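For reference, final.pdb is printed below; it contains PDB, N, CA and C atoms.
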```pdb
ATOM      1  N   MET H   1       0.846  -1.214   0.000  1.00  0.00           N
ATOM      2  CA  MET H   1       0.000   0.000   0.000  1.00  0.00           C
ATOM      3  C   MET H   1       0.870   1.249   0.000  1.00  0.00           C
ATOM      4  N   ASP H   2       0.353   2.323  -0.573  1.00  0.00           N
ATOM      5  CA  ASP H   2       1.066   3.590  -0.625  1.00  0.00           C
ATOM      6  C   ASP H   2       0.262   4.646   0.133  1.00  0.00           C
ATOM      7  N   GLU H   3       0.696   5.892   0.069  1.00  0.00           N
ATOM      8  CA  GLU H   3      -0.014   6.978   0.720  1.00  0.00           C
ATOM      9  C   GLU H   3      -1.135   7.483  -0.178  1.00  0.00           C
ATOM     10  N   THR H   4      -2.071   6.594  -0.472  1.00  0.00           N
ATOM     11  CA  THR H   4      -3.193   6.906  -1.335  1.00  0.00           C
ATOM     12  C   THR H   4      -4.333   7.563  -0.554  1.00  0.00           C
ATOM     13  N   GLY H   5      -4.202   7.582   0.766  1.00  0.00           N
ATOM     14  CA  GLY H   5      -5.182   8.251   1.599  1.00  0.00           C
ATOM     15  C   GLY H   5      -6.410   7.402   1.845  1.00  0.00           C
ATOM     16  N   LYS H   6      -7.414   7.553   0.994  1.00  0.00           N
ATOM     17  CA  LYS H   6      -8.644   6.789   1.125  1.00  0.00           C
ATOM     18  C   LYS H   6      -8.472   5.401   0.532  1.00  0.00           C
ATOM     19  N   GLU H   7      -8.135   4.453   1.390  1.00  0.00           N
ATOM     20  CA  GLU H   7      -7.925   3.081   0.974  1.00  0.00           C
ATOM     21  C   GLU H   7      -9.181   2.256   1.214  1.00  0.00           C
ATOM     22  N   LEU H   8      -9.682   1.642   0.158  1.00  0.00           N
ATOM     23  CA  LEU H   8     -10.886   0.837   0.250  1.00  0.00           C
ATOM     24  C   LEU H   8     -10.584  -0.619  -0.070  1.00  0.00           C
ATOM     25  N   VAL H   9     -11.475  -1.494   0.358  1.00  0.00           N
ATOM     26  CA  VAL H   9     -11.321  -2.920   0.133  1.00  0.00           C
ATOM     27  C   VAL H   9     -12.474  -3.458  -0.705  1.00  0.00           C
ATOM     28  N   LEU H  10     -12.171  -4.415  -1.561  1.00  0.00           N
ATOM     29  CA  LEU H  10     -13.173  -5.015  -2.421  1.00  0.00           C
ATOM     30  C   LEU H  10     -13.639  -6.338  -1.834  1.00  0.00           C
ATOM     31  N   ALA H  11     -14.917  -6.419  -1.503  1.00  0.00           N
ATOM     32  CA  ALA H  11     -15.482  -7.650  -0.981  1.00  0.00           C
ATOM     33  C   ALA H  11     -15.668  -8.653  -2.110  1.00  0.00           C
ATOM     34  N   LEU H  12     -14.814  -9.665  -2.142  1.00  0.00           N
ATOM     35  CA  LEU H  12     -14.863 -10.668  -3.195  1.00  0.00           C
ATOM     36  C   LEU H  12     -15.718 -11.854  -2.758  1.00  0.00           C
ATOM     37  N   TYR H  13     -16.254 -11.776  -1.549  1.00  0.00           N
ATOM     38  CA  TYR H  13     -17.073 -12.846  -1.008  1.00  0.00           C
ATOM     39  C   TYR H  13     -18.305 -12.280  -0.325  1.00  0.00           C
ATOM     40  N   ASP H  14     -19.384 -13.042  -0.364  1.00  0.00           N
ATOM     41  CA  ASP H  14     -20.588 -12.705   0.382  1.00  0.00           C
ATOM     42  C   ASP H  14     -20.427 -13.166   1.820  1.00  0.00           C
ATOM     43  N   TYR H  15     -20.418 -12.220   2.741  1.00  0.00           N
ATOM     44  CA  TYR H  15     -20.173 -12.524   4.134  1.00  0.00           C
ATOM     45  C   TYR H  15     -21.260 -11.911   5.001  1.00  0.00           C
ATOM     46  N   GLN H  16     -22.169 -12.755   5.457  1.00  0.00           N
ATOM     47  CA  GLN H  16     -23.265 -12.319   6.303  1.00  0.00           C
ATOM     48  C   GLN H  16     -22.807 -12.215   7.754  1.00  0.00           C
ATOM     49  N   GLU H  17     -23.213 -11.141   8.411  1.00  0.00           N
ATOM     50  CA  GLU H  17     -22.845 -10.903   9.799  1.00  0.00           C
ATOM     51  C   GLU H  17     -23.600 -11.851  10.729  1.00  0.00           C
ATOM     52  N   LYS H  18     -22.887 -12.433  11.678  1.00  0.00           N
ATOM     53  CA  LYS H  18     -23.497 -13.290  12.683  1.00  0.00           C
ATOM     54  C   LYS H  18     -23.425 -12.609  14.044  1.00  0.00           C
ATOM     55  N   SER H  19     -22.251 -12.089  14.364  1.00  0.00           N
ATOM     56  CA  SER H  19     -22.043 -11.363  15.600  1.00  0.00           C
ATOM     57  C   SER H  19     -22.300  -9.875  15.372  1.00  0.00           C
ATOM     58  N   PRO H  20     -22.837  -9.179  16.390  1.00  0.00           N
ATOM     59  CA  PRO H  20     -23.123  -7.735  16.323  1.00  0.00           C
ATOM     60  C   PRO H  20     -21.912  -6.882  15.942  1.00  0.00           C
ATOM     61  N   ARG H  21     -20.710  -7.406  16.157  1.00  0.00           N
ATOM     62  CA  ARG H  21     -19.489  -6.670  15.840  1.00  0.00           C
ATOM     63  C   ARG H  21     -19.017  -6.979  14.415  1.00  0.00           C
ATOM     64  N   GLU H  22     -19.820  -7.739  13.684  1.00  0.00           N
ATOM     65  CA  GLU H  22     -19.560  -7.985  12.274  1.00  0.00           C
ATOM     66  C   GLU H  22     -20.453  -7.083  11.435  1.00  0.00           C
ATOM     67  N   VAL H  23     -20.189  -7.019  10.145  1.00  0.00           N
ATOM     68  CA  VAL H  23     -20.993  -6.216   9.243  1.00  0.00           C
ATOM     69  C   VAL H  23     -21.253  -6.992   7.951  1.00  0.00           C
ATOM     70  N   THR H  24     -22.407  -6.760   7.342  1.00  0.00           N
ATOM     71  CA  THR H  24     -22.794  -7.478   6.137  1.00  0.00           C
ATOM     72  C   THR H  24     -22.146  -6.880   4.892  1.00  0.00           C
ATOM     73  N   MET H  25     -21.386  -7.703   4.186  1.00  0.00           N
ATOM     74  CA  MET H  25     -20.766  -7.293   2.937  1.00  0.00           C
ATOM     75  C   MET H  25     -20.970  -8.373   1.887  1.00  0.00           C
ATOM     76  N   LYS H  26     -21.250  -7.962   0.665  1.00  0.00           N
ATOM     77  CA  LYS H  26     -21.483  -8.906  -0.409  1.00  0.00           C
ATOM     78  C   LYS H  26     -20.483  -8.703  -1.528  1.00  0.00           C
ATOM     79  N   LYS H  27     -20.258  -9.762  -2.294  1.00  0.00           N
ATOM     80  CA  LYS H  27     -19.304  -9.736  -3.388  1.00  0.00           C
ATOM     81  C   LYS H  27     -19.642  -8.616  -4.365  1.00  0.00           C
ATOM     82  N   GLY H  28     -18.719  -7.681  -4.510  1.00  0.00           N
ATOM     83  CA  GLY H  28     -18.944  -6.539  -5.368  1.00  0.00           C
ATOM     84  C   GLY H  28     -18.967  -5.239  -4.592  1.00  0.00           C
ATOM     85  N   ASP H  29     -19.194  -5.332  -3.284  1.00  0.00           N
ATOM     86  CA  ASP H  29     -19.212  -4.148  -2.431  1.00  0.00           C
ATOM     87  C   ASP H  29     -17.810  -3.585  -2.254  1.00  0.00           C
ATOM     88  N   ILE H  30     -17.706  -2.272  -2.335  1.00  0.00           N
ATOM     89  CA  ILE H  30     -16.447  -1.589  -2.111  1.00  0.00           C
ATOM     90  C   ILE H  30     -16.519  -0.831  -0.784  1.00  0.00           C
ATOM     91  N   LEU H  31     -15.806  -1.328   0.212  1.00  0.00           N
ATOM     92  CA  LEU H  31     -15.957  -0.827   1.572  1.00  0.00           C
ATOM     93  C   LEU H  31     -14.749  -0.012   2.012  1.00  0.00           C
ATOM     94  N   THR H  32     -14.999   0.953   2.890  1.00  0.00           N
ATOM     95  CA  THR H  32     -13.953   1.810   3.419  1.00  0.00           C
ATOM     96  C   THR H  32     -13.160   1.076   4.504  1.00  0.00           C
ATOM     97  N   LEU H  33     -11.837   1.119   4.408  1.00  0.00           N
ATOM     98  CA  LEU H  33     -10.975   0.453   5.375  1.00  0.00           C
ATOM     99  C   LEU H  33     -10.571   1.431   6.476  1.00  0.00           C
ATOM    100  N   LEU H  34     -11.060   1.203   7.692  1.00  0.00           N
ATOM    101  CA  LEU H  34     -10.886   2.176   8.769  1.00  0.00           C
ATOM    102  C   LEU H  34     -10.022   1.655   9.920  1.00  0.00           C
ATOM    103  N   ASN H  35      -9.552   0.415   9.827  1.00  0.00           N
ATOM    104  CA  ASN H  35      -8.677  -0.143  10.862  1.00  0.00           C
ATOM    105  C   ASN H  35      -8.054  -1.451  10.383  1.00  0.00           C
ATOM    106  N   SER H  36      -6.732  -1.528  10.449  1.00  0.00           N
ATOM    107  CA  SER H  36      -6.009  -2.737  10.081  1.00  0.00           C
ATOM    108  C   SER H  36      -4.947  -3.083  11.125  1.00  0.00           C
ATOM    109  N   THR H  37      -5.218  -2.748  12.385  1.00  0.00           N
ATOM    110  CA  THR H  37      -4.311  -3.106  13.465  1.00  0.00           C
ATOM    111  C   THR H  37      -4.240  -4.620  13.591  1.00  0.00           C
ATOM    112  N   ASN H  38      -5.355  -5.272  13.297  1.00  0.00           N
ATOM    113  CA  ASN H  38      -5.401  -6.722  13.228  1.00  0.00           C
ATOM    114  C   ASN H  38      -5.197  -7.147  11.786  1.00  0.00           C
ATOM    115  N   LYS H  39      -4.289  -8.075  11.556  1.00  0.00           N
ATOM    116  CA  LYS H  39      -4.021  -8.541  10.204  1.00  0.00           C
ATOM    117  C   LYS H  39      -4.954  -9.686   9.828  1.00  0.00           C
ATOM    118  N   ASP H  40      -5.827 -10.051  10.757  1.00  0.00           N
ATOM    119  CA  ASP H  40      -6.846 -11.061  10.499  1.00  0.00           C
ATOM    120  C   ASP H  40      -8.236 -10.438  10.482  1.00  0.00           C
ATOM    121  N   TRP H  41      -8.390  -9.328  11.193  1.00  0.00           N
ATOM    122  CA  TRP H  41      -9.687  -8.678  11.325  1.00  0.00           C
ATOM    123  C   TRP H  41      -9.589  -7.208  10.952  1.00  0.00           C
ATOM    124  N   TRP H  42     -10.297  -6.824   9.906  1.00  0.00           N
ATOM    125  CA  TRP H  42     -10.294  -5.446   9.443  1.00  0.00           C
ATOM    126  C   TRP H  42     -11.637  -4.792   9.719  1.00  0.00           C
ATOM    127  N   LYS H  43     -11.614  -3.516  10.079  1.00  0.00           N
ATOM    128  CA  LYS H  43     -12.850  -2.767  10.242  1.00  0.00           C
ATOM    129  C   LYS H  43     -13.214  -2.082   8.940  1.00  0.00           C
ATOM    130  N   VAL H  44     -14.304  -2.528   8.354  1.00  0.00           N
ATOM    131  CA  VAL H  44     -14.788  -1.969   7.109  1.00  0.00           C
ATOM    132  C   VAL H  44     -16.101  -1.235   7.342  1.00  0.00           C
ATOM    133  N   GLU H  45     -16.430  -0.314   6.452  1.00  0.00           N
ATOM    134  CA  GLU H  45     -17.657   0.453   6.577  1.00  0.00           C
ATOM    135  C   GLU H  45     -18.480   0.374   5.301  1.00  0.00           C
ATOM    136  N   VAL H  46     -19.729  -0.042   5.443  1.00  0.00           N
ATOM    137  CA  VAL H  46     -20.670  -0.019   4.338  1.00  0.00           C
ATOM    138  C   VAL H  46     -21.718   1.067   4.577  1.00  0.00           C
ATOM    139  N   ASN H  47     -21.633   2.130   3.781  1.00  0.00           N
ATOM    140  CA  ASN H  47     -22.528   3.289   3.880  1.00  0.00           C
ATOM    141  C   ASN H  47     -22.332   4.033   5.206  1.00  0.00           C
ATOM    142  N   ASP H  48     -22.757   3.418   6.302  1.00  0.00           N
ATOM    143  CA  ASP H  48     -22.609   4.009   7.628  1.00  0.00           C
ATOM    144  C   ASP H  48     -22.498   2.920   8.691  1.00  0.00           C
ATOM    145  N   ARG H  49     -22.239   1.693   8.258  1.00  0.00           N
ATOM    146  CA  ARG H  49     -22.132   0.567   9.179  1.00  0.00           C
ATOM    147  C   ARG H  49     -20.707   0.035   9.220  1.00  0.00           C
ATOM    148  N   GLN H  50     -20.152  -0.056  10.420  1.00  0.00           N
ATOM    149  CA  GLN H  50     -18.784  -0.529  10.607  1.00  0.00           C
ATOM    150  C   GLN H  50     -18.763  -1.859  11.353  1.00  0.00           C
ATOM    151  N   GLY H  51     -17.754  -2.669  11.077  1.00  0.00           N
ATOM    152  CA  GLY H  51     -17.585  -3.917  11.791  1.00  0.00           C
ATOM    153  C   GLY H  51     -16.281  -4.594  11.441  1.00  0.00           C
ATOM    154  N   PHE H  52     -15.930  -5.630  12.189  1.00  0.00           N
ATOM    155  CA  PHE H  52     -14.698  -6.365  11.943  1.00  0.00           C
ATOM    156  C   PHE H  52     -14.981  -7.636  11.161  1.00  0.00           C
ATOM    157  N   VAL H  53     -14.302  -7.785  10.039  1.00  0.00           N
ATOM    158  CA  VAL H  53     -14.444  -8.965   9.207  1.00  0.00           C
ATOM    159  C   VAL H  53     -13.071  -9.554   8.898  1.00  0.00           C
ATOM    160  N   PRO H  54     -13.002 -10.871   8.639  1.00  0.00           N
ATOM    161  CA  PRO H  54     -11.749 -11.534   8.272  1.00  0.00           C
ATOM    162  C   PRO H  54     -11.222 -11.019   6.936  1.00  0.00           C
ATOM    163  N   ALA H  55      -9.989 -10.526   6.955  1.00  0.00           N
ATOM    164  CA  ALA H  55      -9.378  -9.887   5.786  1.00  0.00           C
ATOM    165  C   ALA H  55      -9.285 -10.821   4.576  1.00  0.00           C
ATOM    166  N   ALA H  56      -9.422 -12.122   4.803  1.00  0.00           N
ATOM    167  CA  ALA H  56      -9.319 -13.102   3.722  1.00  0.00           C
ATOM    168  C   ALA H  56     -10.524 -13.041   2.782  1.00  0.00           C
ATOM    169  N   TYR H  57     -11.571 -12.337   3.191  1.00  0.00           N
ATOM    170  CA  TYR H  57     -12.775 -12.233   2.371  1.00  0.00           C
ATOM    171  C   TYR H  57     -12.781 -10.936   1.562  1.00  0.00           C
ATOM    172  N   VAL H  58     -11.790 -10.085   1.800  1.00  0.00           N
ATOM    173  CA  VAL H  58     -11.707  -8.803   1.107  1.00  0.00           C
ATOM    174  C   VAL H  58     -10.358  -8.629   0.423  1.00  0.00           C
ATOM    175  N   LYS H  59     -10.351  -7.848  -0.645  1.00  0.00           N
ATOM    176  CA  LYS H  59      -9.133  -7.578  -1.390  1.00  0.00           C
ATOM    177  C   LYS H  59      -8.689  -6.137  -1.172  1.00  0.00           C
ATOM    178  N   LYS H  60      -7.423  -5.957  -0.826  1.00  0.00           N
ATOM    179  CA  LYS H  60      -6.873  -4.628  -0.601  1.00  0.00           C
ATOM    180  C   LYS H  60      -6.538  -3.960  -1.929  1.00  0.00           C
ATOM    181  N   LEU H  61      -7.040  -2.752  -2.126  1.00  0.00           N
ATOM    182  CA  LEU H  61      -6.698  -1.977  -3.302  1.00  0.00           C
ATOM    183  C   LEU H  61      -5.515  -1.081  -2.974  1.00  0.00           C
ATOM    184  N   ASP H  62      -4.449  -1.208  -3.768  1.00  0.00           N
ATOM    185  CA  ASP H  62      -3.181  -0.500  -3.542  1.00  0.00           C
ATOM    186  C   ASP H  62      -2.378  -1.167  -2.429  1.00  0.00           C
TER
END
```

Same coordinates, now as structure tokens:
Amino acid sequence: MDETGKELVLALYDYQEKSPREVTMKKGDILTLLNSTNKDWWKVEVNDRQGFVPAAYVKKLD
């Protein structure tokens, strides 16, 4: 990754939230990446909903 500023992730998988700290993302959704302190769990935002999802289901742009 570079200093591109607004870094987003591409949801390449349909991932339905089970836990309240998860968020619903579907294949094709482009979500805002707001936390990557965990290399297994990333905080993504869809519209106005944030949650932690396994990074293996999303693709990092840049």

Exercise: residue 34 (chain H) partners within 8 Å, all atoms listed in the file, chain neighbours under 4 positions left out, as a ChimeraX atom specification:
/H:7-9,42-45

I'd like the interatomic distance between CA of residue 15 (chain H) and atom C of residue 1 (chain H), to a tenth of an Å.
25.5 Å

Can you list what the PyMOL selection byres ((chain H and resi 20) around 8) grabs from this structure, as a PyMOL selection string?
chain H and resi 17-19+21-23+50-52

Using atom N of residue 25 (chain H) and CA of residue 12 (chain H) as the two end points, give the distance in Å to one decimal.
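Taking atom N of residue 25 (chain H) and CA of residue 12 (chain H), their separation equals 10.3 Å.
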
In Å to one decimal, how far is CA of residue 24 (chain H) from CA of residue 39 (chain H)?
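These atoms are spaced 19.2 Å apart.
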
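Within the 5 Å cut-off around residue 55 (chain H), using all atoms listed in the file and omitting residues fewer than 3 positions from it on the same chain, the listed residues are residues 40, 41, 42 and 58 of chain H.
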
I'd like the box whose edges run along x, y and z of the file and which contains every listed atom of region 27-45 of chain H, padded by 8 Å per side; could you state its centre and edge lengths in Å, one decimal, as lines of an AutoDock Vina configuration file?
```
center_x = -12.1
center_y = -4.4
center_z = 4.1
size_x = 32.2
size_y = 29.2
size_z = 35.0
```

Non-local contacts of residue 57 (chain H) (6.5 Å; only N, CA and C atoms; under 6 positions in same chain excluded) as a PyMOL selection string
chain H and resi 10-13

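With only C-alpha atoms as the atoms that count, the minimum distance from residue 32 (chain H) to the choices H:14, H:62, H:3, H:47 is reached by H:47.
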